[PDB]
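Trainee: My structure file coords-v5.pdb, PDB, C-alpha atoms and all ligand atoms, is below:
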```
ATOM      1  CA  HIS A   3      55.701  67.617 142.652  1.00  0.00           C
ATOM      2  CA  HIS A   4      55.048  70.474 145.132  1.00  0.00           C
ATOM      3  CA  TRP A   5      57.830  73.030 145.598  1.00  0.00           C
ATOM      4  CA  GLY A   6      60.177  73.077 148.512  1.00  0.00           C
ATOM      5  CA  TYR A   7      63.879  73.484 149.118  1.00  0.00           C
ATOM      6  CA  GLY A   8      65.130  69.961 148.366  1.00  0.00           C
ATOM      7  CA  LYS A   9      67.261  68.826 145.389  1.00  0.00           C
ATOM      8  CA  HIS A  10      64.265  67.771 143.330  1.00  0.00           C
ATOM      9  CA  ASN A  11      61.818  70.603 144.050  1.00  0.00           C
ATOM     10  CA  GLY A  12      64.146  73.436 145.094  1.00  0.00           C
ATOM     11  CA  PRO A  13      64.502  77.004 143.842  1.00  0.00           C
ATOM     12  CA  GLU A  14      66.110  75.908 140.555  1.00  0.00           C
ATOM     13  CA  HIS A  15      62.954  74.043 139.576  1.00  0.00           C
ATOM     14  CA  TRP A  16      60.322  76.672 140.500  1.00  0.00           C
ATOM     15  CA  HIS A  17      60.200  78.224 137.017  1.00  0.00           C
ATOM     16  CA  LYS A  18      58.475  75.064 135.631  1.00  0.00           C
ATOM     17  CA  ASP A  19      55.306  75.755 137.666  1.00  0.00           C
ATOM     18  CA  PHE A  20      55.810  79.555 138.227  1.00  0.00           C
ATOM     19  CA  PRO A  21      57.344  81.062 135.065  1.00  0.00           C
ATOM     20  CA  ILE A  22      57.504  84.439 136.797  1.00  0.00           C
ATOM     21  CA  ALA A  23      60.542  82.986 138.617  1.00  0.00           C
ATOM     22  CA  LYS A  24      62.672  84.246 135.697  1.00  0.00           C
ATOM     23  CA  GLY A  25      60.860  87.622 135.702  1.00  0.00           C
ATOM     24  CA  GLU A  26      62.388  91.146 135.635  1.00  0.00           C
ATOM     25  CA  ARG A  27      61.731  92.044 139.255  1.00  0.00           C
ATOM     26  CA  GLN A  28      62.569  88.903 141.256  1.00  0.00           C
ATOM     27  CA  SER A  29      63.831  88.791 144.837  1.00  0.00           C
ATOM     28  CA  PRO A  30      66.012  88.435 146.814  1.00  0.00           C
ATOM     29  CA  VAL A  31      69.067  90.271 145.433  1.00  0.00           C
ATOM     30  CA  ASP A  32      72.640  90.997 146.550  1.00  0.00           C
ATOM     31  CA  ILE A  33      72.939  94.588 147.936  1.00  0.00           C
ATOM     32  CA  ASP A  34      76.112  96.126 146.500  1.00  0.00           C
ATOM     33  CA  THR A  35      76.663  98.948 148.946  1.00  0.00           C
ATOM     34  CA  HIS A  36      79.004 100.962 146.747  1.00  0.00           C
ATOM     35  CA  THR A  37      76.418 101.060 143.906  1.00  0.00           C
ATOM     36  CA  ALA A  38      73.309 101.825 145.976  1.00  0.00           C
ATOM     37  CA  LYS A  39      72.351 105.496 145.462  1.00  0.00           C
ATOM     38  CA  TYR A  40      71.677 107.707 148.470  1.00  0.00           C
ATOM     39  CA  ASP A  41      68.241 109.349 147.870  1.00  0.00           C
ATOM     40  CA  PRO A  42      67.682 112.423 150.066  1.00  0.00           C
ATOM     41  CA  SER A  43      64.037 112.509 149.004  1.00  0.00           C
ATOM     42  CA  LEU A  44      63.254 109.221 150.810  1.00  0.00           C
ATOM     43  CA  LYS A  45      61.423 109.935 154.091  1.00  0.00           C
ATOM     44  CA  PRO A  46      62.071 108.207 157.408  1.00  0.00           C
ATOM     45  CA  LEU A  47      60.110 105.016 157.910  1.00  0.00           C
ATOM     46  CA  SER A  48      57.161 105.180 160.323  1.00  0.00           C
ATOM     47  CA  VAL A  49      56.421 101.908 162.179  1.00  0.00           C
ATOM     48  CA  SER A  50      53.281 102.034 164.411  1.00  0.00           C
ATOM     49  CA  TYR A  51      53.001  98.635 166.041  1.00  0.00           C
ATOM     50  CA  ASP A  52      51.891  99.643 169.553  1.00  0.00           C
ATOM     51  CA  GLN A  53      48.337  98.448 168.785  1.00  0.00           C
ATOM     52  CA  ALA A  54      49.456  95.135 167.189  1.00  0.00           C
ATOM     53  CA  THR A  55      47.257  92.078 167.880  1.00  0.00           C
ATOM     54  CA  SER A  56      48.918  88.708 167.274  1.00  0.00           C
ATOM     55  CA  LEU A  57      46.561  85.770 166.894  1.00  0.00           C
ATOM     56  CA  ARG A  58      48.358  82.590 165.972  1.00  0.00           C
ATOM     57  CA  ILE A  59      51.528  80.803 164.960  1.00  0.00           C
ATOM     58  CA  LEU A  60      51.485  78.207 162.206  1.00  0.00           C
ATOM     59  CA  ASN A  61      53.874  75.744 160.569  1.00  0.00           C
ATOM     60  CA  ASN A  62      52.913  75.953 156.853  1.00  0.00           C
ATOM     61  CA  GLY A  63      55.473  73.440 155.701  1.00  0.00           C
ATOM     62  CA  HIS A  64      57.975  76.036 154.487  1.00  0.00           C
ATOM     63  CA  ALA A  65      58.502  78.279 157.526  1.00  0.00           C
ATOM     64  CA  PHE A  66      56.431  79.400 160.516  1.00  0.00           C
ATOM     65  CA  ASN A  67      54.162  82.445 160.361  1.00  0.00           C
ATOM     66  CA  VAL A  68      52.992  84.551 163.330  1.00  0.00           C
ATOM     67  CA  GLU A  69      49.654  86.048 162.112  1.00  0.00           C
ATOM     68  CA  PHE A  70      48.100  89.331 163.131  1.00  0.00           C
ATOM     69  CA  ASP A  71      44.615  90.797 163.086  1.00  0.00           C
ATOM     70  CA  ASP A  72      44.607  93.049 159.929  1.00  0.00           C
ATOM     71  CA  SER A  73      40.858  93.948 160.083  1.00  0.00           C
ATOM     72  CA  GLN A  74      41.774  97.509 161.098  1.00  0.00           C
ATOM     73  CA  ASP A  75      44.746  99.874 161.133  1.00  0.00           C
ATOM     74  CA  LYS A  76      46.352  98.350 164.248  1.00  0.00           C
ATOM     75  CA  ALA A  77      49.968  97.709 163.163  1.00  0.00           C
ATOM     76  CA  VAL A  78      50.954  99.795 160.122  1.00  0.00           C
ATOM     77  CA  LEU A  79      53.971 100.870 158.134  1.00  0.00           C
ATOM     78  CA  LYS A  80      54.115 104.179 156.245  1.00  0.00           C
ATOM     79  CA  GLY A  81      56.652 106.766 155.071  1.00  0.00           C
ATOM     80  CA  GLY A  82      60.007 105.659 153.622  1.00  0.00           C
ATOM     81  CA  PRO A  83      59.376 105.032 149.924  1.00  0.00           C
ATOM     82  CA  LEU A  84      55.691 104.207 150.483  1.00  0.00           C
ATOM     83  CA  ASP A  85      52.524 106.036 149.495  1.00  0.00           C
ATOM     84  CA  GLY A  86      49.524 105.112 151.689  1.00  0.00           C
ATOM     85  CA  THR A  87      49.280 102.815 154.661  1.00  0.00           C
ATOM     86  CA  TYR A  88      50.371  99.197 154.778  1.00  0.00           C
ATOM     87  CA  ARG A  89      48.903  96.866 157.461  1.00  0.00           C
ATOM     88  CA  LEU A  90      50.972  94.056 159.055  1.00  0.00           C
ATOM     89  CA  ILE A  91      49.407  90.645 158.247  1.00  0.00           C
ATOM     90  CA  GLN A  92      52.232  88.228 159.256  1.00  0.00           C
ATOM     91  CA  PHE A  93      55.978  87.834 160.004  1.00  0.00           C
ATOM     92  CA  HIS A  94      58.174  84.745 159.261  1.00  0.00           C
ATOM     93  CA  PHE A  95      61.902  83.856 159.008  1.00  0.00           C
ATOM     94  CA  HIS A  96      64.295  82.206 156.545  1.00  0.00           C
ATOM     95  CA  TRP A  97      67.303  80.377 158.111  1.00  0.00           C
ATOM     96  CA  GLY A  98      70.127  78.044 157.411  1.00  0.00           C
ATOM     97  CA  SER A  99      71.500  74.674 158.446  1.00  0.00           C
ATOM     98  CA  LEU A 100      74.677  76.511 159.599  1.00  0.00           C
ATOM     99  CA  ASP A 101      75.423  79.948 160.936  1.00  0.00           C
ATOM    100  CA  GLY A 102      77.164  81.097 157.710  1.00  0.00           C
ATOM    101  CA  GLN A 103      73.976  80.929 155.625  1.00  0.00           C
ATOM    102  CA  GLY A 104      70.240  81.482 155.937  1.00  0.00           C
ATOM    103  CA  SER A 105      69.444  85.094 154.815  1.00  0.00           C
ATOM    104  CA  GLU A 106      67.853  85.699 151.422  1.00  0.00           C
ATOM    105  CA  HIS A 107      69.281  89.178 150.722  1.00  0.00           C
ATOM    106  CA  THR A 108      73.077  89.477 150.993  1.00  0.00           C
ATOM    107  CA  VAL A 109      75.148  92.616 151.635  1.00  0.00           C
ATOM    108  CA  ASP A 110      78.268  92.853 149.436  1.00  0.00           C
ATOM    109  CA  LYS A 111      77.866  89.058 149.144  1.00  0.00           C
ATOM    110  CA  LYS A 112      77.750  88.543 152.957  1.00  0.00           C
ATOM    111  CA  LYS A 113      75.101  86.009 154.050  1.00  0.00           C
ATOM    112  CA  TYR A 114      73.595  86.312 157.610  1.00  0.00           C
ATOM    113  CA  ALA A 115      72.274  83.442 159.801  1.00  0.00           C
ATOM    114  CA  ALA A 116      68.671  84.315 159.093  1.00  0.00           C
ATOM    115  CA  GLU A 117      66.302  86.958 157.778  1.00  0.00           C
ATOM    116  CA  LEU A 118      63.032  88.142 159.307  1.00  0.00           C
ATOM    117  CA  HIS A 119      60.210  89.279 156.964  1.00  0.00           C
ATOM    118  CA  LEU A 120      57.377  91.526 158.305  1.00  0.00           C
ATOM    119  CA  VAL A 121      54.720  91.383 155.548  1.00  0.00           C
ATOM    120  CA  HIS A 122      52.315  94.341 154.994  1.00  0.00           C
ATOM    121  CA  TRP A 123      49.574  94.983 152.376  1.00  0.00           C
ATOM    122  CA  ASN A 124      48.406  98.334 150.925  1.00  0.00           C
ATOM    123  CA  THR A 125      45.064  99.338 152.468  1.00  0.00           C
ATOM    124  CA  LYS A 127      43.865 100.926 149.250  1.00  0.00           C
ATOM    125  CA  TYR A 128      43.366  97.364 147.950  1.00  0.00           C
ATOM    126  CA  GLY A 129      40.972  96.253 150.712  1.00  0.00           C
ATOM    127  CA  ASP A 130      42.420  92.784 151.332  1.00  0.00           C
ATOM    128  CA  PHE A 131      45.700  90.852 150.987  1.00  0.00           C
ATOM    129  CA  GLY A 132      44.411  88.786 148.090  1.00  0.00           C
ATOM    130  CA  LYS A 133      43.714  91.895 145.957  1.00  0.00           C
ATOM    131  CA  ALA A 134      46.971  93.551 147.062  1.00  0.00           C
ATOM    132  CA  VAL A 135      49.148  90.701 145.602  1.00  0.00           C
ATOM    133  CA  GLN A 136      47.821  91.498 142.111  1.00  0.00           C
ATOM    134  CA  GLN A 137      49.230  95.103 142.188  1.00  0.00           C
ATOM    135  CA  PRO A 138      52.743  96.458 141.545  1.00  0.00           C
ATOM    136  CA  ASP A 139      52.614  98.393 144.827  1.00  0.00           C
ATOM    137  CA  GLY A 140      50.397  95.964 146.837  1.00  0.00           C
ATOM    138  CA  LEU A 141      52.924  94.856 149.476  1.00  0.00           C
ATOM    139  CA  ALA A 142      55.724  96.253 151.572  1.00  0.00           C
ATOM    140  CA  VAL A 143      58.098  93.765 153.276  1.00  0.00           C
ATOM    141  CA  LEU A 144      60.531  94.965 156.018  1.00  0.00           C
ATOM    142  CA  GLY A 145      63.559  92.522 155.957  1.00  0.00           C
ATOM    143  CA  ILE A 146      65.873  92.408 159.057  1.00  0.00           C
ATOM    144  CA  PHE A 147      69.061  90.347 159.193  1.00  0.00           C
ATOM    145  CA  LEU A 148      69.879  88.159 162.190  1.00  0.00           C
ATOM    146  CA  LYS A 149      73.491  87.445 163.168  1.00  0.00           C
ATOM    147  CA  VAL A 150      74.570  85.066 166.014  1.00  0.00           C
ATOM    148  CA  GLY A 151      75.910  86.725 169.134  1.00  0.00           C
ATOM    149  CA  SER A 152      73.843  87.870 172.113  1.00  0.00           C
ATOM    150  CA  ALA A 153      70.320  86.472 172.693  1.00  0.00           C
ATOM    151  CA  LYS A 154      67.352  88.652 171.735  1.00  0.00           C
ATOM    152  CA  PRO A 155      64.965  88.797 174.711  1.00  0.00           C
ATOM    153  CA  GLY A 156      61.988  89.748 172.529  1.00  0.00           C
ATOM    154  CA  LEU A 157      62.433  86.647 170.404  1.00  0.00           C
ATOM    155  CA  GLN A 158      62.186  84.114 173.275  1.00  0.00           C
ATOM    156  CA  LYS A 159      58.388  83.852 173.337  1.00  0.00           C
ATOM    157  CA  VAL A 160      58.527  82.709 169.728  1.00  0.00           C
ATOM    158  CA  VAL A 161      61.335  80.251 170.387  1.00  0.00           C
ATOM    159  CA  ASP A 162      59.413  78.647 173.240  1.00  0.00           C
ATOM    160  CA  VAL A 163      56.218  77.769 171.267  1.00  0.00           C
ATOM    161  CA  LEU A 164      58.081  76.058 168.405  1.00  0.00           C
ATOM    162  CA  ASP A 165      57.836  72.607 170.088  1.00  0.00           C
ATOM    163  CA  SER A 166      54.059  72.807 169.754  1.00  0.00           C
ATOM    164  CA  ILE A 167      54.042  73.458 165.975  1.00  0.00           C
ATOM    165  CA  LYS A 168      56.762  71.057 165.002  1.00  0.00           C
ATOM    166  CA  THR A 169      55.227  69.649 161.829  1.00  0.00           C
ATOM    167  CA  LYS A 170      53.389  70.965 158.811  1.00  0.00           C
ATOM    168  CA  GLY A 171      49.809  72.100 159.395  1.00  0.00           C
ATOM    169  CA  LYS A 172      50.111  72.567 163.169  1.00  0.00           C
ATOM    170  CA  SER A 173      49.058  75.844 164.775  1.00  0.00           C
ATOM    171  CA  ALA A 174      48.935  77.425 168.218  1.00  0.00           C
ATOM    172  CA  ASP A 175      47.183  80.445 169.755  1.00  0.00           C
ATOM    173  CA  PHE A 176      49.807  83.187 169.998  1.00  0.00           C
ATOM    174  CA  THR A 177      48.278  86.358 171.467  1.00  0.00           C
ATOM    175  CA  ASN A 178      49.877  89.411 172.997  1.00  0.00           C
ATOM    176  CA  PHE A 179      53.256  89.155 171.151  1.00  0.00           C
ATOM    177  CA  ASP A 180      54.769  92.643 170.502  1.00  0.00           C
ATOM    178  CA  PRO A 181      56.786  92.802 167.279  1.00  0.00           C
ATOM    179  CA  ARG A 182      58.594  95.947 168.490  1.00  0.00           C
ATOM    180  CA  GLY A 183      60.925  93.594 170.394  1.00  0.00           C
ATOM    181  CA  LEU A 184      62.378  92.478 167.005  1.00  0.00           C
ATOM    182  CA  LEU A 185      63.506  95.885 165.673  1.00  0.00           C
ATOM    183  CA  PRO A 186      67.093  97.095 165.597  1.00  0.00           C
ATOM    184  CA  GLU A 187      67.879 100.493 167.068  1.00  0.00           C
ATOM    185  CA  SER A 188      68.311 102.209 163.666  1.00  0.00           C
ATOM    186  CA  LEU A 189      65.708 102.374 160.933  1.00  0.00           C
ATOM    187  CA  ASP A 190      68.231 103.229 158.146  1.00  0.00           C
ATOM    188  CA  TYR A 191      67.463 101.123 155.049  1.00  0.00           C
ATOM    189  CA  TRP A 192      67.857 100.113 151.398  1.00  0.00           C
ATOM    190  CA  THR A 193      64.782  99.909 149.097  1.00  0.00           C
ATOM    191  CA  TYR A 194      64.122  98.369 145.671  1.00  0.00           C
ATOM    192  CA  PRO A 195      61.070  97.005 143.820  1.00  0.00           C
ATOM    193  CA  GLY A 196      60.868  93.181 143.954  1.00  0.00           C
ATOM    194  CA  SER A 197      58.775  90.037 144.491  1.00  0.00           C
ATOM    195  CA  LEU A 198      57.694  87.478 147.105  1.00  0.00           C
ATOM    196  CA  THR A 199      60.545  85.000 147.635  1.00  0.00           C
ATOM    197  CA  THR A 200      58.384  81.855 147.563  1.00  0.00           C
ATOM    198  CA  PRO A 201      55.800  80.744 144.991  1.00  0.00           C
ATOM    199  CA  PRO A 202      53.763  82.334 143.599  1.00  0.00           C
ATOM    200  CA  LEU A 203      56.699  84.797 143.375  1.00  0.00           C
ATOM    201  CA  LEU A 204      54.401  87.724 142.509  1.00  0.00           C
ATOM    202  CA  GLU A 205      56.226  90.964 141.717  1.00  0.00           C
ATOM    203  CA  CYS A 206      54.141  93.074 144.037  1.00  0.00           C
ATOM    204  CA  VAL A 207      56.689  94.045 146.723  1.00  0.00           C
ATOM    205  CA  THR A 208      58.465  97.202 147.722  1.00  0.00           C
ATOM    206  CA  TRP A 209      61.332  95.768 149.818  1.00  0.00           C
ATOM    207  CA  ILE A 210      62.619  97.744 152.781  1.00  0.00           C
ATOM    208  CA  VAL A 211      65.847  96.083 153.995  1.00  0.00           C
ATOM    209  CA  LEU A 212      67.269  97.385 157.287  1.00  0.00           C
ATOM    210  CA  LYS A 213      70.977  98.101 157.434  1.00  0.00           C
ATOM    211  CA  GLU A 214      71.451  97.087 161.096  1.00  0.00           C
ATOM    212  CA  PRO A 215      70.998  93.387 161.911  1.00  0.00           C
ATOM    213  CA  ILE A 216      69.629  92.159 165.251  1.00  0.00           C
ATOM    214  CA  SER A 217      71.632  89.594 167.254  1.00  0.00           C
ATOM    215  CA  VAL A 218      70.254  86.235 168.391  1.00  0.00           C
ATOM    216  CA  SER A 219      72.016  83.507 170.359  1.00  0.00           C
ATOM    217  CA  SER A 220      73.098  80.194 168.934  1.00  0.00           C
ATOM    218  CA  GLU A 221      70.600  78.428 171.174  1.00  0.00           C
ATOM    219  CA  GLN A 222      67.771  80.555 169.766  1.00  0.00           C
ATOM    220  CA  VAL A 223      68.634  79.766 166.115  1.00  0.00           C
ATOM    221  CA  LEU A 224      69.182  76.131 167.123  1.00  0.00           C
ATOM    222  CA  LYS A 225      65.468  75.820 168.016  1.00  0.00           C
ATOM    223  CA  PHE A 226      64.476  77.011 164.548  1.00  0.00           C
ATOM    224  CA  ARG A 227      66.397  74.108 163.002  1.00  0.00           C
ATOM    225  CA  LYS A 228      64.301  71.619 165.007  1.00  0.00           C
ATOM    226  CA  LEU A 229      61.111  72.289 163.042  1.00  0.00           C
ATOM    227  CA  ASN A 230      59.996  69.958 160.301  1.00  0.00           C
ATOM    228  CA  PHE A 231      58.964  70.456 156.679  1.00  0.00           C
ATOM    229  CA  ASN A 232      56.943  67.226 156.847  1.00  0.00           C
ATOM    230  CA  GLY A 233      53.551  66.521 158.350  1.00  0.00           C
ATOM    231  CA  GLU A 234      53.062  64.469 161.529  1.00  0.00           C
ATOM    232  CA  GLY A 235      53.612  60.742 160.925  1.00  0.00           C
ATOM    233  CA  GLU A 236      55.717  61.309 157.771  1.00  0.00           C
ATOM    234  CA  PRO A 237      59.475  60.749 157.656  1.00  0.00           C
ATOM    235  CA  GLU A 238      61.383  63.584 159.279  1.00  0.00           C
ATOM    236  CA  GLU A 239      62.958  66.294 157.140  1.00  0.00           C
ATOM    237  CA  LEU A 240      64.321  69.168 159.301  1.00  0.00           C
ATOM    238  CA  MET A 241      63.179  72.704 158.278  1.00  0.00           C
ATOM    239  CA  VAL A 242      66.599  74.258 157.375  1.00  0.00           C
ATOM    240  CA  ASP A 243      67.901  76.228 154.397  1.00  0.00           C
ATOM    241  CA  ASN A 244      64.409  77.595 153.479  1.00  0.00           C
ATOM    242  CA  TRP A 245      66.055  80.510 151.582  1.00  0.00           C
ATOM    243  CA  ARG A 246      66.113  81.397 147.870  1.00  0.00           C
ATOM    244  CA  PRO A 247      69.480  82.470 146.390  1.00  0.00           C
ATOM    245  CA  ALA A 248      70.024  86.026 145.048  1.00  0.00           C
ATOM    246  CA  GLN A 249      68.427  86.836 141.646  1.00  0.00           C
ATOM    247  CA  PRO A 250      69.652  89.163 138.890  1.00  0.00           C
ATOM    248  CA  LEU A 251      69.089  92.853 139.536  1.00  0.00           C
ATOM    249  CA  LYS A 252      68.287  93.486 135.841  1.00  0.00           C
ATOM    250  CA  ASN A 253      66.896  96.971 135.227  1.00  0.00           C
ATOM    251  CA  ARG A 254      66.681  98.030 138.878  1.00  0.00           C
ATOM    252  CA  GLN A 255      68.348 100.518 141.195  1.00  0.00           C
ATOM    253  CA  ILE A 256      68.793 100.005 144.936  1.00  0.00           C
ATOM    254  CA  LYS A 257      68.261 103.282 146.845  1.00  0.00           C
ATOM    255  CA  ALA A 258      69.636 104.056 150.321  1.00  0.00           C
ATOM    256  CA  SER A 259      68.045 106.207 152.993  1.00  0.00           C
ATOM    257  CA  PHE A 260      71.503 107.023 154.393  1.00  0.00           C
ATOM    258  CA  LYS A 261      75.078 107.759 153.456  1.00  0.00           C
TER     259      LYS A 261
HETATM  260 CO    CO A 301      59.968  85.637 153.400  1.00  0.00          CO
END
```
Hey, can you dump this file as structure tokens for me?
Ligand SMILES: [Co+2]
Mentor:
Amino acid sequence: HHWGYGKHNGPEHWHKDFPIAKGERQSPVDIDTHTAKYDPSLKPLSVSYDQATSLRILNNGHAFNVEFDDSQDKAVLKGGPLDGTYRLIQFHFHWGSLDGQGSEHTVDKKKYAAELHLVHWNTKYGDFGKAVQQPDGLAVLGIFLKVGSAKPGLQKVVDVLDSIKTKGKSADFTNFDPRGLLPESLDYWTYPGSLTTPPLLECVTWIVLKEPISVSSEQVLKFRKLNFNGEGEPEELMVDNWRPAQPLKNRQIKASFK
């Protein structure tokens, strides 16, 4: 019926409705650190989020998105392996039912507790919808979360979750600064890939940060309290909303560092 992460509609069944699931440039992948090639020609990433305008938070039934105003060049990503400017449209997470799983990308087969995705679209395409039809339409920054110390900058997000518990709920969410979610180092890995949920379009340049951020157990615990279901439907906790690693095929992972 419609896709999800359960036994009957989970990642292993997505190919029936979205044949691109068995495509040549699917994500996520396992990052083999000894095989990634250092590329001295990659430029440092440039993150300009000081003018970011958040608008809302929404439970879409598969995760929660914080949405931003992308009508102008307010929060952009450039440099790194990118050509042109990419505007932030939304961020969301993928997490597990336990601390030993949750990330989409793995590092030398290591799974993290969760993974943050900051989604950006190439301004040359004019809107998000046109950008998803192009091989270079999106740029996603992926950041791993491990459990340790609490992340101060994440608390405002944790605290509104109660108000968007079930599918379709939303809440005003203004003045959130996504700079509070970045690790200290911007060193990264990059490879060409796809969105990790249907429609699984291969339009993404992934930028995966080497340094994870830490969150406390209590913070991640609040994520696991969300629901996949709509209000008044039987309760299915929103956990394990991650897709397993896909074959690398004909692709090379490049590193911005050694
Ligand atoms: Co994602």
Trainee: Given all atoms listed in the file as the basis, pick out the residue of A:10, A:94, A:246, A:261 nearest to ligand CO 301 (chain A).
Mentor: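 Smallest distance to ligand CO 301 (chain A) is found for A:94.
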Trainee: Would you kindly translate the PyMOL selection byres (((chain A and resi 195-206) around 6) and not hetatm) into the concrete residues it picks from this file, as a CSV table (one decimal) with C-alpha atoms, in the coordinates of the input?
Mentor:
```
chain,number,residue,atom,x,y,z
A,27,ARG,CA,61.7,92.0,139.3
A,28,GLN,CA,62.6,88.9,141.3
A,29,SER,CA,63.8,88.8,144.8
A,135,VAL,CA,49.1,90.7,145.6
A,137,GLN,CA,49.2,95.1,142.2
A,138,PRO,CA,52.7,96.5,141.5
A,139,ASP,CA,52.6,98.4,144.8
A,140,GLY,CA,50.4,96.0,146.8
A,141,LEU,CA,52.9,94.9,149.5
A,194,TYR,CA,64.1,98.4,145.7
A,207,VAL,CA,56.7,94.0,146.7
A,208,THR,CA,58.5,97.2,147.7
```
Trainee: Carefully work through the PyMOL selection byres (((not hetatm)) within 9 of (chain A and resi 301)) for this structure and note down the residues it includes, as a list in words.
Mentor: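 That selection, the PyMOL selection byres (((not hetatm)) within 9 of (chain A and resi 301)), comes back as residues 65, 93, 94, 95, 96, 106, 117, 118, 119, 120, 121, 143, 145, 198, 199, 200 and 245 of chain A.
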Trainee: Of the residues A:3, A:99, A:220, A:157, which is the one nearest to residue 15 in chain A, using only C-alpha atoms?
Mentor: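 Looking only at the distances to residue 15 in chain A, the closest residue turns out to be A:3.
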Trainee: Pull out every residue that the PyMOL selection byres (((chain A and resi 36-51) around 9) and not hetatm) matches in the shown coordinates and put them as an MDAnalysis selection string.
Mentor: chainID A and resid 33:35 52:55 76:84 90 110 180:182 189:192 255:261
Trainee: Using only C-alpha atoms, can you tell me which of A:122, A:170, A:154, A:149 comes closest to residue 59 in chain A?
Mentor: A:170
Trainee: Report the distance between CA of residue 67 in chain A and CA of residue 128 in chain A in Å, rounded to one decimal place.
Mentor: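 Spanning CA of residue 67 in chain A to CA of residue 128 in chain A is a straight-line distance of 22.2 Å.
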Trainee: Can you tell me which residues surround residue 179 in chain A at a distance of at most 9 Å, considering all atoms listed in the file, apart from same-chain residues fewer than 6 positions away, and format the answer as a PyMOL selection string?
Mentor: chain A and resi 54-57+156+159-160
